[PDB]
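Below: the structure, in structure tokens.
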Amino acid sequence: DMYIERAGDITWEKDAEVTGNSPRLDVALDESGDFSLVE
Amino acid sequence: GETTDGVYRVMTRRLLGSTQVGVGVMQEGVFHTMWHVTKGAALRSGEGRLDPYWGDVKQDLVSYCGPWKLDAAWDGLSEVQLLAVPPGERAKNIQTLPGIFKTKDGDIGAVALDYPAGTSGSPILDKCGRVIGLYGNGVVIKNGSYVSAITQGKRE
Ligand SMILES: C[C@H]1CC2(CN1C(=O)Nc1ccc3c(c1)CNC3)CC(F)(F)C2
């Protein structure tokens, strides 16, 4: 059986680590909820 | 059991030791996570039981104890924070500028951050701390890294 455990508050943190790029991708979403790249 | 607002880990004892299968948000007495984390199964919180209330495999979302409550949206301009809760590791805020998933049914924000299996369901927040969606459903690009959609439900 699955169980839950608290891990923290949901708040914005000032001066958090800023990372990651912002790609624009053409995608398709199928009936099973899976995304795939369209090229 | 615990119904205080916040981010929670989703654990199981079925496999070796205690394994983290995902993450979720408790808000207004409703537990929100991604469908692929629980597959719609019931959850435990101390001695109390959480039963699924709404779910959808295509959206890859599920709510427990009540209807989906999260309705904040990415504005299409500002940076956001992923409140990543990785297995065996402390909750950590990561700030990023989302990219875009362009689909035949419209555009969706996307975050290019990579975390282990078990981090799915971690919330994405705006500068006011509002949950604009959950992380964990997206695509694998050329390099092998992940780009997740900012997945949001609809508050009925
Ligand atoms: C490849 C990893 C990377 C990931 C998310 N992943 C998934 O496999 N997601 C996933 C699995 C099954 C289904 C769906 C999505 C929707 N349909 C069923 C862990 C992470 F959250 F850290 C980021």
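The analysis underlying the following values was restricted to heavy atoms, covering all of them including side chains, and did not include hydrogens, waters or symmetry mates. Below, read A as the first sequence line, B as the second, and so on, with proteins coming before strands; counting in each chain starts at 1.
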Side-chain donor-acceptor contact under 3.5 Å, B/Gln59 with B/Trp54: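 There is no such pair (donor and acceptor under 3.5 Å, judged by atom type) between the side chains of B/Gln59 and B/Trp54.
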
Which residues pass the side-chain contact (heavy atoms from CB on, under 4.5 Å) test with A/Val18, sequence neighbours left out?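 Counting only residues at least two positions away or on another chain, A/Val18 forms a side-chain contact (heavy atoms from CB on, under 4.5 Å) with B/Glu79, B/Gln95.
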
B/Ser78: which residues meet the side-chain contact (heavy atoms from CB on, under 4.5 Å) condition with it, sequence neighbours left out?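 Here the qualifying residues are B/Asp75, B/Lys127.
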
Can you name the nearest heavy-atom pair linking [X] to [Y], along with the distance?
X: B/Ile150; Y: B/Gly133; value: CG2-CA, 3.9 Å
X: A/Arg6; Y: B/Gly6; value: NH2-CA, 3.9 Å
X: B/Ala91; Y: B/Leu83; value: CB-CD1, 4.2 Å
X: B/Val140; Y: B/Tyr146; value: CG2-CD1, 3.7 Å
X: B/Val57; Y: A/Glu31; value: CG1-O, 4.2 Å
X: B/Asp114; Y: B/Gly144; value: OD2-O, 4.3 Å

Check B/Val80, B/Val147, B/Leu82 against B/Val111 for a side-chain contact (heavy atoms from CB on, under 4.5 Å) and give me the one that passes.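 For B/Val111, the side-chain contact (heavy atoms from CB on, under 4.5 Å) test succeeds with only one of B/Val80, B/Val147, B/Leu82, which is B/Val80.
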
Under the 3.5 angstrom rule, does the side chain of [X] hit a backbone N or O of [Y] as a donor-acceptor pair?
X: B/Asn143; Y: B/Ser145; result: yes
X: B/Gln81; Y: B/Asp126; result: no
X: A/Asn21; Y: B/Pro98; result: no
X: B/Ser45; Y: B/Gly48; result: no
X: A/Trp12; Y: A/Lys14; result: no
X: B/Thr96; Y: A/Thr19; result: yes
X: A/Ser32; Y: A/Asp34; result: no
X: B/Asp60; Y: B/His36; result: yes
X: B/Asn137; Y: A/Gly33; result: yes

Stepwise side chain to side chain contact (heavy atoms under 4.5 Å, CB included) test for B/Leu61 and B/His32: CA-CA 8 Å; B/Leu61 290 177; B/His32 309 73; over 6 Å; no

Using the test salt bridge (charged side-chain N to carboxylate O under 4.0 Å, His left out), find all partners of B/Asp51 that sit at least two apart in sequence or belong to another chain.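 Salt bridge (charged side-chain N to carboxylate O under 4.0 Å, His left out) list for B/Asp51, sorted by chain: B/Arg49.
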
Would a 4.5 Å heavy-atom cut-off, applied to side chains only, mark [X] and [Y] as touching?
X: B/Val7; Y: B/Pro123; result: yes
X: B/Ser148; Y: B/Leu113; result: no
X: B/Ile108; Y: A/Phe35; result: yes
X: B/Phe101; Y: A/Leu37; result: no
X: B/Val62; Y: B/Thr38; result: yes
X: B/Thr151; Y: B/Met34; result: yes

Could you go through the side chain to side chain contact (heavy atoms under 4.5 Å, CB included) check for A/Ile4 and B/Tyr64 one step at a time? CA-CA 12 Å; A/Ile4 62 169; B/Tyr64 287 79; over 6 Å; no

A/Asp15 CG: over 12 foreign heavy atoms closer than 6.0 Å: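 Open.
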
Atom pair [atom1] ([X]) and [atom2] ([Y]), whose distance is rounded to the nearest 0.5 Å:
X: A/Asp1; Y: B/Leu43; atom1: CG; atom2: CG; result: 8.0 Å
X: B/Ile124; Y: B/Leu70; atom1: CD1; atom2: CG; result: 11.5 Å
X: A/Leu25; Y: B/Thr103; atom1: CG; atom2: OG1; result: 12.5 Å
X: B/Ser63; Y: B/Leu50; atom1: OG; atom2: CG; result: 11.0 Å
X: B/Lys58; Y: A/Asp30; atom1: NZ; atom2: CG; result: 8.5 Å
X: B/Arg44; Y: B/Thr12; atom1: CZ; atom2: OG1; result: 9.5 Å

Taking only residues two or more places apart in sequence or in another chain, which ones pass side-chain hydrogen bond (donor to acceptor under 3.5 Å, both in side chains) with B/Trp74?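 None.
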
Output all residues satisfying side-chain hydrogen bond (donor to acceptor under 3.5 Å, both in side chains) with B/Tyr135, sequence neighbours left out; order by chain, then residue number.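 If we apply the side-chain hydrogen bond (donor to acceptor under 3.5 Å, both in side chains) test to B/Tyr135, skipping adjacent residues, there are no hits.
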
Using the side chain to side chain contact (heavy atoms under 4.5 Å, CB included) rule, take B/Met11 and A/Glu5 through it: C-alpha gap first, then chi angles, then the decisive distance, then the call. CA-CA 8 Å; B/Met11 310 292 299; A/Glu5 281 180 349; 4.2 Å; yes

Do the side chains of B/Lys102 and B/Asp105 get close enough for a salt bridge, i.e. N-O under 4.0 angstrom?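 Looking at B/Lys102 and B/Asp105, the cut-off is not met.
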
Pair up each side-chain donor or acceptor in residues 16-29 of chain B with any protein partner under 3.5 Å, not counting sequence neighbours, and list the distances.
residue : atom : partner  : partner atom : Å
B/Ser18 : OG   : A/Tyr3   : OH           : 3.1
B/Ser18 : OG   : B/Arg13  : NE           : 3.1
B/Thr19 : OG1  : B/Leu16  : O            : 2.9
B/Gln20 : OE1  : B/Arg9   : NH1          : 2.9
B/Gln20 : NE2  : B/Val85  : O            : 2.9
B/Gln20 : NE2  : B/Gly118 : O            : 2.9
B/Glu28 : OE1  : B/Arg155 : NH1          : 3.4
B/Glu28 : OE1  : B/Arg155 : NH2          : 2.9
B/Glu28 : OE2  : B/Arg155 : NH1          : 3.4

CA sep, side-chain torsions, deciding dist, call: B/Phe31, B/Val10, side chain to side chain contact (heavy atoms under 4.5 Å, CB included): CA-CA 11 Å; B/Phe31 189 63; B/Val10 182; 4.1 Å; yes

